[PDB]
Amino acid sequence: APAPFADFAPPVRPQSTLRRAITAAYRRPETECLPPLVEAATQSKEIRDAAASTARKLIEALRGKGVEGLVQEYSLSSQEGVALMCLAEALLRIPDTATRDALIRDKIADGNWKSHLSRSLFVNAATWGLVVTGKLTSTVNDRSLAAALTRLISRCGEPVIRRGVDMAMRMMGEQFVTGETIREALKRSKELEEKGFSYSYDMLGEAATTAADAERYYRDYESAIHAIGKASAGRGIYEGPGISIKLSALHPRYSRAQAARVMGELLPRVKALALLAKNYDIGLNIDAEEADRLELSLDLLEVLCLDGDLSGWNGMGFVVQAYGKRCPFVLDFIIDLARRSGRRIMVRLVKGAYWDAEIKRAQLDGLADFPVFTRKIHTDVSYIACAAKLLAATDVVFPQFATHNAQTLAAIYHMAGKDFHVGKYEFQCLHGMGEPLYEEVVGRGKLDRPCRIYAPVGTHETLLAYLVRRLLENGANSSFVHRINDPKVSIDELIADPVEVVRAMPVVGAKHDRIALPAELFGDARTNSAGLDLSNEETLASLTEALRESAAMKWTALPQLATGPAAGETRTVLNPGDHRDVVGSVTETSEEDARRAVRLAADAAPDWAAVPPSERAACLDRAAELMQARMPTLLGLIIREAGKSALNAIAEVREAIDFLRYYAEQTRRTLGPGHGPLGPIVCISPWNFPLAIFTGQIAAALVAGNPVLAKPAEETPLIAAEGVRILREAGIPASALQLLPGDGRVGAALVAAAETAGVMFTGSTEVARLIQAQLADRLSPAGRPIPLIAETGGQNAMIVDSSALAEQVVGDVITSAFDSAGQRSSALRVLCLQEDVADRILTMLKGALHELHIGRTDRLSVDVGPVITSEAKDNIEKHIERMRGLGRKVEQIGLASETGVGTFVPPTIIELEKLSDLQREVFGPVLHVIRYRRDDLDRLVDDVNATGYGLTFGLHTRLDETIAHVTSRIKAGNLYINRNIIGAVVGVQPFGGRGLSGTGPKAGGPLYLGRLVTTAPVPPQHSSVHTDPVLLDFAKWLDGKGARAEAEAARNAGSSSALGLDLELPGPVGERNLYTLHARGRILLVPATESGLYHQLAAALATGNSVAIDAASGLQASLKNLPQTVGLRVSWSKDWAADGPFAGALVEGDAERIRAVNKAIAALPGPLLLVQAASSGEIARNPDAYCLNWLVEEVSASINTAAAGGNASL
Amino acid sequence: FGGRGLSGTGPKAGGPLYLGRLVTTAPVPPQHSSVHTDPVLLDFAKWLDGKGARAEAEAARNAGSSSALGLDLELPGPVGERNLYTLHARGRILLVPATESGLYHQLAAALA
Amino acid sequence: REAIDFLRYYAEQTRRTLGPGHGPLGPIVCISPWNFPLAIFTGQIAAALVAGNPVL
Ligand SMILES: Cc1cc2c(cc1C)N(C[C@H](O)[C@H](O)[C@H](O)COP(=O)(O)OP(=O)(O)OC[C@H]1O[C@@H](n3cnc4c(N)ncnc43)[C@H](O)[C@@H]1O)c1[nH]c(=O)[nH]c(=O)c1N2
Ligand SMILES: NC(=O)c1ccc[n+]([C@@H]2O[C@H](COP(=O)([O-])OP(=O)(O)OC[C@H]3O[C@@H](n4cnc5c(N)ncnc54)[C@H](O)[C@@H]3O)[C@@H](O)[C@H]2O)c1
Ligand SMILES: N[C@@H](CCC=O)C(=O)O
Ligand SMILES: [Mg+2]
Ligand SMILES: [Mg+2]
């Protein structure tokens, strides 16, 4: 029985001094990195002057020697130019020239191009937009482009189409690639090889998603090596061509977390390719990728350079990125490795290609700092400093200075001095981009320094995949190539020496003023939680020890009453991944003590309510500091008690910290003496986020001034007990926070207790409905319903159309469906694939499914852990077997024998014929897949809505018309565009749904605390300038009927309503996070008096809703002669259960009438209804008798604006 | 410039729809498109689909896409002013059909 | 100024839109008011003309 965490994340090899110096610099503050780089990059005044002169000469030559020309000839707008290139791209998909030329001449030119061209013409328009305009738009306005294409064809006809086709053919066949195939690329390289250039070929292709795709990339590299080696014909590694490879192409799980697989499976493949490169004596360069792959790649480089089978060949090459803070230390390591191995490693120094993505990832992950610089000039200094280090080691490495920056080039040219021979070092550039500059460098007439051209090879399709990222290295406002074209930029500015510019700044190395450190994402509002970097070996080593220490601790959970711990029945808590691993002991609460706890809470309520809100919020902030400091220990407990992976446990602790700090800040923004607490609040939480959801509900209740009875899920009491311990340590009094471990009976006993003033429930819809029924019997002492927040299940869909990028879709689907073994309320349950792309995506998804490692979660290499109990496993497996029995195709990963000691369900994909094949939420790792024809998209959205759930929803498309359509028609609380549908972040994606998925208000949102006080405050930013027009028509009708006071109240409701609020919430770069307030739907109105009905109708209409009015009220004659606009929103209901689902209810009556109606409402099928009740006298006295906060629906939408390949804003 | 009701038929003088009224087949004006699809049009198209009125359902979806309803543009002008141009529904359209298919096409155009 | 602007605006709109399949209606009668006796006069006529129609 393996000891906990004994094999958590052992490194590939013991970390040498040189390796640890690399790791130490991973996230070093920018002000610490720059001073030594400035020192190393300094050159003499004579050299600086000579370099400036050379750089000026080069820039002058560049400025004194396509799409623009076409746009000019035909007077095309930008959209017309983009649309034309999209059309040319589509036309070039037609393989035969004569067939294409006839379609153009007889059909496309002669009008309806739509008629003749399952995929939008405009799927790649973001790329063509970059070509035409130099600007990147994340999504495509396909209606604008369709209009522009019709306009340009109808205006200019076949000639413009001809020119567009020829232009696109040249760009895609000759400019963006050296050739479509390696043979074609080789044939086209002869011309510049005769002029003194060399080549390194890049077979466009990165990121294998499946074993089969990695195998295809391997055979593509192997075949390219043969062709390059044959062509090289003994020219050797310096004069002759080489190949560049990306390691992520060669294995579908190239990551530190899968290091053992990488060394066991990827390394041999690289070795095989290297052996072939050695036999032909060509270069083989390992390209550099994301920052979290840098150190892993060094382990492969070390093994290859020490492998005797590769001896005698100096062609092994390796890229280092100067924008990275580790660059100089990586170079020290490589130079030393070259010395030890005797291999003259070819070192390609680049600035770096992933900058935008690195900024976003570090922000998302809450890490201490960025692994790259944030000011471009810093990268330039780093590049020059690293060049100095390389030029001092030309006996042991071969430096390759890959840059198009003439100032960088000139600085290095003079740095290297007058002694040169081929093989000492070289420059490099990209095909189709750098030849203008390097034709001023290569040859005896110029600077007589060689340049190797990096030559992309691939078909149009492969080309377009990552062409945006390629372009951005030269369109950004910071890019040299962009500046050298800007006539507003002088040569003097271009030849400015970055070393001296940085030296003379006030703070050397200061972070970019406009990029927030991850901790500062929310500015002055609150401190972002901090995560942990599972690619950092120091972090892994420290975490290994803390995790082991956490498993030695004697975790317990006890009934913690106001008077002290209570006795109860005690049992062990077992690790779901291995029942032999006892995590702790829980003592469960008797029903008697649960009732006693509520009485103690009631008697302590005044003392807690009297703690000022700012001091209550200070307790939450202190608790957040404590959880942040304790995160490693908390991780270990969550991993073992709840079966979570480390990555997911980190995110969970972060979320708990974020809840605490968010509700503390919301309190500081809102709560005052008139926002009185409800009283004792029962907080019932689910097992699956046993710290974060548990903490969030309790923290909210507490900071609003209510004492809390915390009832954690029976599966996960230990982390709950630790969260309560932390909150108490932070200053929450024991009387204000009591912990009552146990099962649903303890929850039910708490709900039923007379002094319970409010219930916060997160869990299954079915249990919420039992709680709703129990509360329907109850009124507060004031005669009003006991507030219930019930956040429940989902049946979450993602719709994918033919414009989406399969690899992105698969990654987001795998994460959304199978992260946490699907045990997230937000998890993807139904993937909907447009018919034309379904087979290809499904094949890739199945391939990716089989790369997942399922097992006990105390190993970093585990992707998917167990399900929480044998009962959950049995429930999920019954569903799978029923589906399989109906003949549905079922794909499942095979589980290792070691899973037998726990309760595991393999990730499973089930192909359904119709969405109706699914009945209720299956809370496990089970993805259902349906296919749809594009014309049936609207009906599909209907089908998604028809389940009655409304939690998370995803859409993958590049097309704005589809975004607008689907997002306007879907009815769900959390929407996600071009990203996964999980991991909603507090205050950024306020989380919670509608229908069967929740009552709201959303946790982690601004309306939440207001539900936990008797008088809701006005939340921050909560207002709308928009007035519902039906409300206005109703107010006019009231005035016409002589209901003057009611008409005034209706106008007031129209103004007070926040319907139409539309906000962007601060968050990470590369995402737009929106928060909007919409109508809830159809509100059930149960009036008693005419004036009550008018107030109810005003409240509902002002918040955009329709209504169903109780026909038993007898008030039909009070609504005679309604304007048709209002009548369309009004129905009368005799049988409420037939006319739903409703989305809320408004009730007027005395206490016993309210209780009776509340019981009738609870009995309605379907969603829990948020009911508000008032007496006729309260309606007369209190304009807010019905609070408009609870008559709107919150919607959060998160759009990945980097999905097109990069981040335009940055 | 131009109005509705008793003030005019449109299209507006000095605006992008004007020239299209003076030719037998109107061109697509500059910037004249919308990403929004009328939801009632979409419901109509689904109803037509249910009936097997396949050609009409297709014409309805195409009208839904080609409609510029919802266009919302800022026009270039002087500083210190924001000049906006938007396309809205006209109101209630009188439909004078002869045939069922004609009616479905007319409804599609009007709803879109 | 408005007359100049109509002329230049309808010219540009023509350059952005009109091709061989946008045939003219034929003779267009342009009836104008007294109160903008050059601007509205010119605008209606210019548009009709540039769309390919002779004007009365
Ligand atoms: C032959 C060859 C081969 C490769 C590469 C280039 C060449 C020529 N690249 C791409 C390379 O990393 C880089 O993006 C481009 O070459 C552009 O850099 P230049 O020095 O020519 O331009 P320039 O002098 O304009 O520098 C642009 C670069 O500055 C950096 N930058 C921009 N804004 C910044 C900011 N705010 N803060 C900090 N830094 C900022 C970025 O690195 C950006 O690419 C690469 N890249 C890679 O990562 N891995 C690889 O394997 C390769 N392979
Ligand atoms: N919408 C959300 O934010 C959200 C978040 C997490 C989980 N969930 C949902 O929670 C479910 C999984 O969590 P779970 O399995 O712990 O849920 P559950 O419904 O099984 O149990 C939830 C909690 O309610 C308690 N409980 C059970 N029966 C009760 C009763 N009769 N009276 C009072 N309390 C009772 C349990 O002890 C537990 O504390 C899923 O359906 C998931 O979708 C929703
Ligand atoms: N808010 C969580 C869902 C709660 C889990 O069940 C998420 O978005 O992953
Ligand atoms: Mg349960
Ligand atoms: Mg019910």
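Protein chains get the first letters and strands the later ones, always in sequence-line order, with residue 1 at the start of each. Every number for a ligand or one of its atoms is a count from 1 in the order of the listing. Heavy-atom basis, side chains included; hydrogens, waters and symmetry copies ignored.
- Note: an N/O pair closer than 3.5 Å links A/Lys351 and ligand 1 by distance alone.
- For ligand 1, the atoms lying closer than 4.0 Å to a non-hydrogen atom of A/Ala402 are 1 (C), 2 (C), 7 (C), 8 (C).
- Counting the atoms of ligand 2 from 1 in the order shown, those under 4.0 Å from a heavy atom of A/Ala713 are 38 (C), 39 (O).
- Annotation for ligand 2: atoms under 4.0 Å from non-hydrogen atoms of A/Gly793 are 43 (O).
- Using a 4.0 Å cut-off between charged nitrogen and carboxylate oxygen, A/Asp819 and A/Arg824 count as a salt-bridge pair.
- Of the polar atoms of A/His512, none of the N or O atoms is found under 3.5 Å from an N or O of ligand 1, judged by distance alone.
- Ligand 2 places these atoms under 4.0 Å from at least one heavy atom of A/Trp687: 14 (P), 15 (O), 16 (O).
- At least one N or O atom of A/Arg348, backbone or side chain, sits closer than 3.5 Å to an N or O atom of ligand 1.
- Salt bridge absent: A/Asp356 and A/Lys360 never bring a charged side-chain N and a carboxylate O closer than 4.0 Å.
- Counting only protein N, O or S atoms closer than 2.8 Å to the Mg ion (ligand 5) gives 2.
- Residue A/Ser685 has at least one nitrogen or oxygen atom sitting less than 3.5 Å from a nitrogen or oxygen atom of ligand 2, judged on distance alone.
- In this structure, A/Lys644 forms a cation-pi arrangement with A/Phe689, its terminal cationic atom sitting closer than 6.0 Å to the ring centre and no more than 45° off the ring axis.
- Considering backbone and side-chain N/O atoms, A/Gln428 never comes within less than 3.5 Å of an N/O atom of ligand 1.
- Listed by chain and residue number, A/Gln697 satisfy the side chain to side chain donor-acceptor pair (under 3.5 Å) test with A/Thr762 (two or more places apart in sequence, or in another chain).
- Taking a cut-off of under 4.0 Å to the non-hydrogen atoms of A/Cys429, the atoms of ligand 1 that pass are 1 (C), 8 (C).
- Applying the 4.0 Å criterion to heavy atoms of A/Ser479 picks out, from ligand 1, the atoms 25 (O).
- Atoms of ligand 2 lying under 4.0 Å from at least one heavy atom of A/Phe991, given by number and element, are 2 (C), 3 (O).
- In summary, the atoms of ligand 1 found under 4.0 Å from a heavy atom of A/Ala288, numbered by their order in the structure, are 47 (C), 48 (O), 49 (N), 50 (C), 51 (O).
- In this structure, A/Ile684 counts as a contact residue of ligand 2, since one of its heavy atoms falls inside 4.0 Å of the ligand.
- If you look at A/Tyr323 next to ligand 1, the close heavy atoms, those under 4.0 Å, all belong to the side chain.
- Distances shorter than 4.0 angstrom do not occur between any heavy atom of A/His378 and any atom of ligand 1.
- Residue A/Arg452 has no N or O atom closer than 3.5 Å to an N or O atom of ligand 1.
- Between A/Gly434, A/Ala353, A/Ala406, A/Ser382, it is A/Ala353 that holds the heavy atom closest to atom 47 (C) of ligand 1.
- Of all the listed residues (A/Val350, A/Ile245, A/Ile377, A/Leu1210), A/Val350 holds the heavy atom that lies closest to atom 45 (C) of ligand 1.
- When A/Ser200, A/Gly324, A/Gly352, A/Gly317 are ranked by how near their heavy atoms come to atom 42 (O) of ligand 1, first place goes to A/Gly352.
- A/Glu1193 has a carboxylate O that lies under 4.0 Å from a charged side-chain N of A/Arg994, or vice versa, which qualifies the two as a salt bridge.
- Residue A/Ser478 has at least one heavy-atom neighbour below 4.0 Å for each of these atoms of ligand 1: 32 (C), 33 (N).
- Contact atoms of ligand 2 toward A/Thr762: 2 (C), 3 (O), 4 (C), 5 (C), 6 (C), 22 (C), 44 (C) (distance under 4.0 Å to a heavy atom of the residue).
- Residue contacts with ligand 1: A/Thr403 is placed with a nitrogen or oxygen under 3.5 Å of a nitrogen or oxygen of the ligand (distance criterion only).
- Of all atoms in ligand 1, listed by their number and element, those nearer than 4.0 Å to a heavy atom of A/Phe480 are 25 (O).
- Only the side chain of A/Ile771 comes within contact range of ligand 2, with a heavy atom under 4.0 Å; no backbone atom does.
- In terms of polar-atom proximity, A/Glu715 is not counted as a contact of ligand 2, lacking any N or O under 3.5 Å from an N or O of the ligand.
- At least one N or O atom of A/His404 sits closer than 3.5 Å to an N or O atom of ligand 1.
- Checked by distance only, ligand 1 and A/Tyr454 stay at 3.5 Å or farther apart across all their nitrogen or oxygen atoms.
- Every atom of ligand 1 is numbered from 1 in the order shown, and the set under 4.0 Å from a heavy atom of A/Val319 is 50 (C), 51 (O).
- For the pair A/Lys351 and A/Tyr323, the cation does not sit on the ring face, since its NZ or CZ is not both under 6.0 Å from the ring centre and inside 45° of the axis.
- Look at A/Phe689 and you'll find every heavy atom at least 4.0 Å from all atoms of ligand 2.
- Considering backbone and side-chain atoms together, A/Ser764 places an N or O closer than 3.5 Å to an N or O of ligand 2.
- For A/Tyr199 and A/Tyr201, the ring centers are positioned less than 6.0 Å apart.
- Contacts between A/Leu430 and ligand 1, counted as non-hydrogen atom pairs separated by less than 4.0 Å, involve both the backbone and the side chain.
- Close approach of ligand 2 to A/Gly744 is summarised as follows: ligand atoms under 4.0 Å from at least one heavy atom of the residue are 26 (N), 27 (C), 28 (N), 29 (C), 30 (C), 32 (N), 33 (C), 34 (N), 35 (C), 37 (O).
- With respect to A/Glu426 and A/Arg452, a salt bridge is recorded, a charged nitrogen being found less than 4.0 Å from a carboxylate O.
- Of all atoms in ligand 1, numbered sequentially from 1 with element shown, those under 4.0 Å from a heavy atom of A/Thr379 are 38 (C), 39 (N), 40 (C).
- Using a 4.0 Å cut-off between a side-chain N of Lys or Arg and a carboxylate O of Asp or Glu, A/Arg293 and A/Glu290 qualify as a salt bridge.
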